[PDB]
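Enquirer: Next comes start_23.cif, mmCIF, C-alpha atoms:
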data_structure
loop_
_atom_site.label_atom_id
_atom_site.label_comp_id
_atom_site.auth_asym_id
_atom_site.auth_seq_id
_atom_site.Cartn_x
_atom_site.Cartn_y
_atom_site.Cartn_z
CA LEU R 73 -8.93 -10.51 17.00
CA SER R 74 -12.68 -10.98 17.60
CA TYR R 75 -15.29 -11.71 14.92
CA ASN R 76 -17.20 -8.43 15.33
CA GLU R 77 -13.86 -6.61 15.48
CA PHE R 78 -12.75 -8.20 12.22
CA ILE R 79 -16.02 -7.16 10.55
CA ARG R 80 -15.59 -3.59 11.77
CA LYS R 81 -12.05 -3.56 10.43
CA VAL R 82 -13.10 -4.93 7.00
CA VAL R 83 -15.75 -2.22 6.63
CA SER R 84 -13.40 0.46 7.92
CA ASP R 85 -10.58 -0.57 5.59
CA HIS R 86 -13.09 -0.67 2.75
CA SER R 87 -14.43 2.86 3.22
CA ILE R 88 -10.86 4.20 3.43
CA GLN R 89 -9.95 2.43 0.21
CA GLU R 90 -13.05 3.63 -1.66
CA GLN R 91 -12.32 7.27 -0.73
CA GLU R 92 -8.69 6.95 -1.80
CA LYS R 93 -9.90 5.73 -5.18
CA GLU R 94 -12.41 8.56 -5.60
CA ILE R 95 -9.78 11.11 -4.48
CA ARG R 96 -7.46 9.80 -7.22
CA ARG R 97 -10.26 10.02 -9.82
CA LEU R 98 -11.22 13.55 -8.81
CA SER R 99 -7.58 14.72 -8.49
CA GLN R 100 -6.98 13.62 -12.07
CA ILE R 101 -9.88 15.88 -13.11
CA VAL R 102 -8.98 18.85 -10.91
CA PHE R 103 -5.17 18.81 -11.31
CA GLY R 104 -4.37 16.37 -14.11
CA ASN R 105 -2.47 14.21 -11.58
CA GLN R 106 -4.35 11.57 -9.62
CA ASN R 107 -1.67 11.71 -6.91
CA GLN R 108 -1.36 15.52 -6.74
CA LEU R 109 -2.26 15.68 -3.05
CA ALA R 110 -0.32 12.59 -1.86
CA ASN R 111 1.57 14.70 0.70
CA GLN R 112 -1.62 16.15 2.14
CA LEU R 113 -3.38 12.77 2.26
CA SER R 114 -0.56 11.18 4.25
CA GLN R 115 -0.50 14.25 6.52
CA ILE R 116 -4.23 13.85 7.15
CA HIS R 117 -3.78 10.12 7.60
CA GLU R 118 -1.22 10.81 10.33
CA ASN R 119 -3.23 13.60 11.91
CA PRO R 120 -6.80 14.01 10.64
CA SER R 121 -7.16 17.28 12.55
CA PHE R 122 -5.26 18.88 9.59
CA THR R 123 -8.29 18.20 7.33
CA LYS R 124 -9.97 21.53 8.03
CA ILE R 125 -6.90 23.60 7.02
CA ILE R 126 -6.15 21.58 3.90
CA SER R 127 -9.84 21.58 2.84
CA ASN R 128 -10.19 25.34 3.22
CA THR R 129 -7.13 25.90 1.04
CA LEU R 130 -8.49 23.48 -1.55
CA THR R 131 -11.89 25.21 -1.55
CA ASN R 132 -10.66 28.78 -1.62
CA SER R 133 -7.16 28.61 -3.17
CA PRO R 134 -6.78 25.30 -5.02
CA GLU R 135 -3.94 26.55 -7.23
CA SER R 136 -1.85 26.83 -4.03
CA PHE R 137 -1.37 23.08 -4.50
CA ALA R 138 -0.87 23.02 -8.28
CA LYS R 139 -2.16 24.63 -11.46
CA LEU R 140 -5.69 23.46 -12.28
CA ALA R 141 -6.17 21.18 -15.29
CA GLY R 142 -7.13 22.89 -18.54
CA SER R 143 -6.37 26.55 -19.09
CA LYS R 144 -7.77 30.05 -18.86
CA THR R 145 -6.87 32.43 -21.67
CA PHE R 146 -7.54 36.12 -21.04
CA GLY R 147 -10.23 35.18 -18.53
CA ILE R 148 -11.80 32.57 -20.82
CA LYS R 149 -11.75 29.11 -19.22
CA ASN R 150 -11.65 26.19 -21.66
CA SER R 151 -13.76 23.08 -21.11
CA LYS R 152 -11.10 21.12 -19.24
CA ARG R 153 -10.66 24.02 -16.81
CA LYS R 154 -14.41 24.30 -16.26
CA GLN R 155 -14.61 20.57 -15.44
CA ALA R 156 -11.64 20.92 -13.08
CA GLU R 157 -13.35 23.73 -11.18
CA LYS R 158 -16.71 21.93 -11.06
CA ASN R 159 -15.12 18.95 -9.34
CA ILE R 160 -13.34 20.75 -6.52
CA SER R 161 -16.44 20.56 -4.27
CA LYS R 162 -16.64 16.75 -4.61
CA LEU R 163 -12.86 16.40 -4.12
CA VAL R 164 -13.18 18.28 -0.81
CA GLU R 165 -16.07 15.99 0.25
CA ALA R 166 -14.09 12.87 -0.56
CA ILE R 167 -11.18 14.13 1.54
CA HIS R 168 -13.55 14.79 4.46
CA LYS R 169 -14.95 11.24 4.10
CA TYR R 170 -11.42 9.82 3.96
CA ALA R 171 -10.48 11.76 7.11
CA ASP R 172 -13.63 10.60 8.92
CA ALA R 173 -12.92 6.98 8.01
CA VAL R 174 -9.32 7.27 9.18
CA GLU R 175 -10.42 9.04 12.37
CA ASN R 176 -12.96 6.30 13.03
CA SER R 177 -10.49 3.47 12.45
CA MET R 178 -8.24 4.91 15.17
CA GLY R 179 -10.94 3.88 17.66
#
Output the structure of this file as structure tokens.
Expert:
Amino acid sequence: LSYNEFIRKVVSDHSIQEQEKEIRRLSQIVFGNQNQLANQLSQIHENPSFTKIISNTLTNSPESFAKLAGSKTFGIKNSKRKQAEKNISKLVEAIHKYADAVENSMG
């Protein structure tokens, strides 16, 4: 309702939106579905304290959520699979940034 408040909201809204976009881009690479983690994102949005649990699973057991993009044949990962794996770290970071932005907007 105040000018400074409106500015803070604009910036806050913006950082949320930019992370959502990057999460979609990275999810496409990791899982082949830019909305693969829609459930988890809305869960985090509702309660950002769930971010640690979800992030740990993504880091250590990503195929709990879905099969990774690409394939692995007799232990040999093709190029799509290698790119999927190499983007998990940045997907986790984007989810942490999203959670931080949501957590900050709440106050």
Enquirer: Contacts of residue 100 (chain R) at 10 Å or less, counting only C-alpha atoms, minus same-chain residues fewer than 6 places along, as number ranges by chain?
Expert: R: 94, 106-108, 140-141, 156
Enquirer: Find the residues around residue 155 (chain R) up to 12 Å (all atoms listed in the file counted), leave out those fewer than 6 positions away in its own chain, and share them as a count of residues only.
Expert: 14
Enquirer: Figure out the distance between CA of residue 85 (chain R) and CA of residue 165 (chain R), please, to one decimal in Å.
Expert: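 Pair CA of residue 165 (chain R) / CA of residue 85 (chain R) returns 18.2 Å.
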Enquirer: Just the number, please: distance in Å from CA of residue 177 (chain R) to CA of residue 88 (chain R), one decimal.
Expert: 9.1 Å
Enquirer: Hey, can you check how far CA of residue 86 (chain R) sits from CA of residue 138 (chain R)?
Expert: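 About the pair CA of residue 86 (chain R) and CA of residue 138 (chain R): they are 28.8 Å apart.
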Enquirer: Quick one: residues within 10 Å of residue 167 (chain R), all atoms listed in the file counted, chain neighbours fewer than 3 positions away excluded, as a VMD selection string?
Expert: chain R and resid 91 to 92 94 to 95 112 to 113 116 123 to 124 126 to 127 162 to 164 170 to 173
Enquirer: So that I can see what lies close to residue 130 (chain R), please list as number ranges by chain the residues with an atom at most 8 Å from it, counting all atoms listed in the file and leaving out residues fewer than 5 positions away in the same chain.
Expert: R: 135-137, 160, 164
